[PDB]
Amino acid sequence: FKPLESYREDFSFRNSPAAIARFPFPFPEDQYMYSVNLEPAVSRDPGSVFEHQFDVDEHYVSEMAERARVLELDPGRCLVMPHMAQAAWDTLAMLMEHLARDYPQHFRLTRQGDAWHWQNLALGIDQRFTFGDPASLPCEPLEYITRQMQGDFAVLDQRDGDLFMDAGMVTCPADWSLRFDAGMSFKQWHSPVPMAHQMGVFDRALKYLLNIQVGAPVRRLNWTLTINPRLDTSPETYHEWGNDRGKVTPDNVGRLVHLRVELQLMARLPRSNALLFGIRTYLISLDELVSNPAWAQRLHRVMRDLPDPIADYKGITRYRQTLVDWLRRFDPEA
């Protein structure tokens, strides 16, 4: 864990060379188009973000501090409807189990029956509590555990052939809100997305997700851009970030524009049968990214050619020509 970094104000966040090397670059081709890009979430590539189900990285302590700030200002970024309480406990079990197994230097879990002892050595937490008993923890169980894991989470109720957004912790969203989307179904909350509905992407995706079983979780990547390493790009806070989209110049693209990638996990929760949706968010400035000349050239092509409805949905319109002009420098054929 490096020294404490900010994702707001002075934006001190930066990636080490190792974090650059493992950044989940999301473009298999020189152009991007939506698809059902799901794969089984099996361990691969030691040291990569795909090695464990939940990835903890050099930014862990910084990110937890950011989460704590968001929640101090707005506790309503976490919601669990009452029928989702068991699912919240399943989520806590899943995270503590995997984190203790995969990062034993940082986390420990010892259990006898419902008498659980969790230690997070990274954050200095030593908690004896009763699994299932919310009066035994300092806050509601989803909140408790997600205050200790990177990325956002949604917990979906599976009923009546569909998935409903009935719980979550959403403090680093790509410009959407849990309080807006609470209780919506799968196709409903995706209503703003261009193109993909007419393509069938959302019909096919719902079908795959409804069939996910215990022990066979699934993953995909999503991406966007963000100006500065701002994690909290929420509707709730738009006045704090939306104007920065007007601040990009030819000389500062490398410092301001960041590639944002979501490594998404979809995993069946064993007691409740709910689906856990992990949204693990990675950020990299374009100065850091263009250290890899293959990334740089591919990014130029993608951004130059991106369909306009998709660029507008993603929020890149305002600075796109500047960005494309800057990236052309790393594409010899261009």
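Quick note: we count residues from 1 along the sequence shown, nothing fancier.
Engineer: Averaging the C-alpha B factors as listed in the entry, name the stretch that ends up higher: 100-108 or 200-208.
Structural biologist: Averaging CA B-factors over each stretch, the winner is 100-108.
Engineer: Going by the B-factors listed in the PDB entry, is the mean over the C-alpha atoms higher for 219-227 or for 115-123?
Structural biologist: Of 115-123 and 219-227, the stretch with the higher C-alpha B-factor average is 115-123.
Engineer: So among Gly161, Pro141, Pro235, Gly151, who wins on Cα B-factor in the entry?
Structural biologist: Among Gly161, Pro141, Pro235, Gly151, the highest C-alpha B-factor in the entry belongs to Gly161.
Engineer: From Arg147, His190, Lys247, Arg260, pick the one with the largest CA B-factor in the entry?
Structural biologist: Among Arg147, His190, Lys247, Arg260, the PDB entry lists the largest C-alpha B-factor for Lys247.
Engineer: Based on the entry's values, in what third of the chain does the Cα temperature factor of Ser185 lie: lowest, middle or highest?
Structural biologist: For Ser185, whose C-alpha B-factor we compare with every modelled residue in the chain, the answer is the lowest third.
Engineer: Select lowest, middle or highest to describe the third in which the CA B-factor of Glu63 falls within its chain in this entry.
Structural biologist: Lowest third.
Engineer: Splitting the chain's C-alpha B-factors into thirds, which one does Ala267 fall into?
Structural biologist: For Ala267, the deposited C-alpha B-factor lands in the middle third.
Engineer: Could you place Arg179 in the lowest, middle or highest third of its chain by Cα temperature factor, using the values in the record?
Structural biologist: Ranked within chain, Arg179 CA B lands in the middle tercile.
Engineer: Mind checking which third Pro26 falls in for C-alpha B-factor across the chain?
Structural biologist: Lowest third of the chain for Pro26's C-alpha B-factor.
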